[PDB]
Amino acid sequence: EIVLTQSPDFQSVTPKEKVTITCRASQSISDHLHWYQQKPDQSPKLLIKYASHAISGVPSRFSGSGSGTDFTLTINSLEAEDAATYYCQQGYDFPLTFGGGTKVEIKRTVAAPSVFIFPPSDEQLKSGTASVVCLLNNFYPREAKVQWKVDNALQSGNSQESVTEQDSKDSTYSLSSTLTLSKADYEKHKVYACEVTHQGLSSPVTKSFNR
Amino acid sequence: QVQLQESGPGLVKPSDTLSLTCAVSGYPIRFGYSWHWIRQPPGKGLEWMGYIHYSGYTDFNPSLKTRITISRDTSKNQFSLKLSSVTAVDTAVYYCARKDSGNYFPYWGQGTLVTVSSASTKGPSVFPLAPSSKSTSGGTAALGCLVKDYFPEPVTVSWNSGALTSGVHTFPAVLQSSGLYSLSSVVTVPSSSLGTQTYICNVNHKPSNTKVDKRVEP
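As documented in the archive entry, the model was determined using X-ray crystallography at 3.450 Å resolution.

Of regular secondary structure, chain B possesses 1 helix and 18 strands. The C-alpha extent of chain B, read off along each of the three principal axes, is 70 × 40 × 30 Å. The long-range share in chain B, meaning contacts at least 24 apart out of those at least 6 apart in sequence, stands at 57%. Per element, the accessible surface of chain B, about 10,000 Å² overall, is 49% carbon and sulfur. Side chains of chain B give 18 positive and 11 negative charges; the mean places of these two sets differ by 2 Å.

As a further point, take the domain arrangement of chain A. All names here are of chain A. With domains assigned, chain A is organised as domain 1 (1-107) and domain 2 (108-211). A straight line from the C-alpha centre of domain 1 to that of domain 2 covers 37 Å. With 9 residues of domain 1 at the interface, the matching set in domain 2 holds 11 residues. Buried area between domain 1 and domain 2, both sides added, is near 710 Å², and the carbon and sulfur share of it is 44%. Seen at the junction of domain 1 and domain 2, the total is 1 salt bridge. The salt bridge partner of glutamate 165 is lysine 103, with a shortest N-O separation of 3.8 Å. There are 6 residue pairs in polar contact connecting domain 1 and domain 2.

In this model, the second largest pocket occupies a volume close to 670 Å³. Lining of the second largest pocket is provided by 25 residues; of these, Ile117 and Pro119 of chain A together with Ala130, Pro131 and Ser133 of chain B occupy positions nearest its centre. Within the residue set of the lining of the second largest pocket, elements represented by two or more residues are β11 (115-118), α1 (122-125) and β18 (205-209) of chain A together with β11 (125-129) of chain B. When its residues are assigned to classes, the lining of the second largest pocket shows 14 nonpolar, 5 polar and 6 charged.

Core analysis: the largest hydrophobic core is formed by 39 residues, its most contacted members being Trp35, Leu47, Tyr86 and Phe98 of chain A together with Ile38, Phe105 and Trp108 of chain B. Within the residue set of this core, elements represented by two or more residues are β3 (19-25), β4 (33-38), β5 (45-48), β7 (70-75), β8 (85-90) and β10 (102-106) of chain A together with β5 (47-52) of chain B. Per-element accounting of this core gives the leading share, 4 residues, to β3 of chain A. Contact partners of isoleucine 38 of chain B, with chain neighbours within four places excluded, come to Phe98 of chain A together with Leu46, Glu47, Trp48, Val93, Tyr94, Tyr95, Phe105 and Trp108 of chain B. In this structure, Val12, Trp37, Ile52 and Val86 of chain B belong to the second largest nonpolar core, which totals 25 residues.

What counts and what doesn't
Residues numbered from 1 in each chain as written, not as in the entry; some residues may be left out. Chains lettered and ligands numbered in written order. Heavy atoms only, no water. Helix = DSSP H or I, 4+ residues; strand = E, 2+ residues; numbered from the N terminus. Contact = heavy atoms within 4.5 Å. Areas by Shrake-Rupley, 256 points an atom, 1.4 Å probe, with all protein chains shown as cover. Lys, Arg positive; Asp, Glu negative; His and termini not counted. Charge placed at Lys NZ, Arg CZ, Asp CG, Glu CD. Domains from an automatic or database assignment. Buried area = accessible area lost by both parts, 1.4 Å probe. Salt bridge = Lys/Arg side-chain N within 4 Å of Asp/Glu carboxyl O. Polar contact = N/O pair within 3.5 Å; in protein donor to acceptor, adjacent residues only side chain to side chain. 1 Å grid on protein atoms, 1.4 Å probe; cavity = no way out; pocket = protein on both sides within 12 Å on 5 of 7 lines; lining within 4 Å. Points joined across faces, edges and corners; volume = space filled by probe spheres on them. Nonpolar A, V, L, I, M, F, W, Y, C, P; charged D, E, K, R; others polar. Core = buried A, V, L, I, M, F, W, Y, C linked by side-chain atoms within 4.5 Å. Buried < 20%, exposed > 50% of the residue type's maximum accessible area, 1.4 Å probe, protein only.

Laid out in structure tokens, this is it:
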């Protein structure tokens, strides 16, 4: 089994800039090497036929080069759509193998999160459980802090967070924090608050509701 | 113009046998290119399992072997995959492809997920999230459906039957303490639109065969 090794395993680049990825191989694979682009929740896409032959649909920005032990994929100008993970695989010999994969994150100018808060549904109160969610809409970078306050009391161990993949268009992340409480405990309180701390924000922003 | 699609069970108990089938359309397997099975565990790299030639020839990857068998049914234009003594590691998305020539795959399947758990299936509940109370602001507001307590993944959410696709964020599910997946899908719309425009989340769940639609109103 031939083993391919890509570098870097993770990469963060500014838009409209050159991006390079290297793929070193255990044995010389000569001409036979291919490149794939895999966006999240999608099947890999053929970027480059063996050596550097373009694919019929791949932009001019996408390229490649190499022979023997070493191969290099180059993105001449990084675009918003390029946000994905890239794999290299070899076709020299069976069994076929793929690279470790290279994730490329677009480094866009910092933007502040648009925060919203949602009260639990009346239909959910009947269930006996109450879930409160705080929304952090579009924001870069991905790093963010969420604090839950119930009647100005800091809560811990009852919140779960989910983060989405980088957007194809605006290259911005999105985060959702879910606070789960029993109906019994949900109604023994008045004020619920979500505290968001981000680079875009001068001071921590809190969005709250009552009743 | 070749297309491939994979279908099978969403969930399989451990120590059982995984069975999958890929359906080829626009080209008969009996002639031409050889056809492959590729899997990718969540947040990990792709793994090549094996292939079946048009000729009916079959070869496999040495690792994972003795568990894998590939077969085809030319009459239905299909080629199937079987994995035995399945464990938690085998949890992955599975791909259909075409070796083509020179061992590069130009055409890939949509990909189907299979998860290995002894747990049973549910059964999602769909709860609406209420949009902002400030309708006078004229700015952008946000609403969404909450999909909770289902197993296993995945679930599919769309808005207004696919009419509304812009500014929609569907968060990846997280495993709750209850042992049930849950997620929220939200979309930002102009606050002025709330009165005139109606918003509906189209939620669909294949394993439990559940299809729920929910209107979102203040």
